[PDB]
Amino acid sequence: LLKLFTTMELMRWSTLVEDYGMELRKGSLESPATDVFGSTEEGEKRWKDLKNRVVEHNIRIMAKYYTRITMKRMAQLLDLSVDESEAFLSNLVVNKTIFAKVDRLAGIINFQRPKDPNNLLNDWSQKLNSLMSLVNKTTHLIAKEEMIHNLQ
Amino acid sequence: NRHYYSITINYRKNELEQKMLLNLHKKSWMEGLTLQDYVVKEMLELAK
């Protein structure tokens, strides 16, 4: 459960079927696994919520990542196919708080979502970081060079 | 001025100190390390 939540990295739905469907037969507690998974009229709606969990498990880290990957590669790394991608990603683009990017044009998508409104942070990051690290390069490299010629 | 008058006070040179105060002053205010800024993208709108 926690491993499905720390940095999350991908998941396979069938390995989850294994790990959390052998718990519906293995008994130590048996009633919460019944109420969440073993039940049908609500437990199967919670299986649907588990499908929400596996697809949001996809979508959260794929909103964190994947700048310039294609689409069939996307669906096969979603572990759910392209029609399943339009279903399973329409019902989380109705979340309408993650901005992503797809195109067709033959079946090929792209990325870099904000269309880069930046020439500013290039200067900021690049030049301020590099120039201040270079003014540190004096203050501490000649410090260590003077140290290694204190000890010589 | 009933029994008072000011006096001359010059601010005389210290060759031991004047050029190095100038060194402190200038070479610590010309970019500090002289390598730092050599803001810029919103003063566009501010200046226009």
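About the cut-offs
- Residues numbered from 1 in each chain as written, not as in the entry; some residues may be left out.
- Chains lettered and ligands numbered in written order.
- Part of a larger assembly, values for the part shown.
- Heavy atoms only, no water.
- Helix = DSSP H or I, 4+ residues; strand = E, 2+ residues; numbered from the N terminus.
- Buried < 20%, exposed > 50% of the residue type's maximum accessible area, 1.4 Å probe, protein only.
- Areas by Shrake-Rupley, 256 points an atom, 1.4 Å probe, with all protein chains shown as cover.
- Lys, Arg positive; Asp, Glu negative; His and termini not counted.
- Charge placed at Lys NZ, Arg CZ, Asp CG, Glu CD.
- Axes fitted to C-alpha atoms, helices over the stretch in contact; angles between N-to-C directions.
- Parallel < 35°, antiparallel > 145°, perpendicular 65-115°, else oblique.
- Contact = heavy atoms within 4.5 Å.
- Nonpolar A, V, L, I, M, F, W, Y, C, P; charged D, E, K, R; others polar.
- Buried area = accessible area lost by both parts, 1.4 Å probe.
- Polar contact = N/O pair within 3.5 Å; in protein donor to acceptor, adjacent residues only side chain to side chain.
- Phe/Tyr/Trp six-rings, centres within 6.5 Å; stacked < 30°, edge-to-face > 60°.
- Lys NZ or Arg CZ within 6 Å of the ring centre and 35° of its normal.
- Salt bridge = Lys/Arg side-chain N within 4 Å of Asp/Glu carboxyl O.

Deposited coordinates in this entry are attributed by the record to cryo-EM, at a stated resolution of 4.2 Å.

(A) Region of interest: the overall build of chain B. Scanning chain B from terminus to terminus reveals 2 helices and 0 strands. Each of the 48 residues in chain B was classed as buried or not, and the buried ones make up 2%. Only carbon and sulfur atoms are counted for the fraction: they give 59% of the accessible area of chain B, which is about 5,500 Å². With 8 positive and 6 negative side-chain charges, chain B shows a separation of 12 Å between the mean positions of the two kinds.

(B) Main features of unusual backbone geometry. Residues and elements named next belong to chain A. One non-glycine residue, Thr7, lies in the positive phi region at around 65°. Turning to its location among the elements, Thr7 is positioned in the segment before α1 (13-19). Using a relative accessible area of 57% as the deciding quantity, one classes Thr7 as exposed.

(C) View of the packing of helix α2 (residues 31-38) of chain A against helix α3 (residues 43-64) of chain A. Residues and elements named next belong to chain A. For the pair α2 and α3, the least separation of the axes is 6 Å and the interaxial angle reads 75°. Looking at the two axes, α2 sits roughly perpendicular to α3. Here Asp35, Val36 and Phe37 of α2 lie close against α3, whose contacting residues are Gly43, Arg46, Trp47 and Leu50. A per-class count over the contact of α2 with α3 returns 4 nonpolar, 1 polar and 2 charged.

(D) Quick look at the interface of chain B and chain A. The partner chain A presents 8 residues to the 7 residues of chain B that form the contact. Taking both partners together, chain B and chain A bury about 630 Å²; carbon and sulfur atoms supply 72% of that area. Of all residues in chain B, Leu33, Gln36 and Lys41 of chain B give up the largest surface area on contact with chain A, accounting jointly for 61% of the area buried on that side. For the interface between chain B and chain A, the tally reads 0 residue pairs in polar contact. Of the residues assigned to the side of chain B that touches chain A, the class counts are 5 nonpolar, 1 polar and 1 charged.

(E) Fine view of the packing of aromatic side chains. Residue and element names in this part refer to chain A. The final tally for this structure, using the stated rule, is 1 aromatic pair over all chains. Between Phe37 and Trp47, the ring centres sit 4.6 Å apart and the planes meet at 35°, which makes this aromatic pair tilted. Taken together, the positions of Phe37 in helix α2 and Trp47 in helix α3 put the pair 10 residues apart, joining distant regions of the chain. Overall, the relative accessible area of 16% leaves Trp47 in the buried class. Sitting above the plane of the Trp13 ring, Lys51 keeps its charged end 3.5 Å from the centroid.

(F) Inspection of the pattern of salt bridges at higher detail. Residue and element names in this part refer to chain A. Going through the model one piece at a time under the given rule, you end up with 6 salt bridges over all chains. With a shortest N-O distance of 2.9 Å, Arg12 and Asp79 are connected by a salt bridge. With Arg12 in the segment before α1 and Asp79 in the loop between α4 (72-78) and α5 (82-93), this residue pair connects regions lying 67 residues apart in the sequence. A salt bridge links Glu56 to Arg53; the shortest N-O distance between them is 3.2 Å. Of this pair, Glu56 and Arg53 both sit in helix α3, 3 residues apart, roughly one helical turn.

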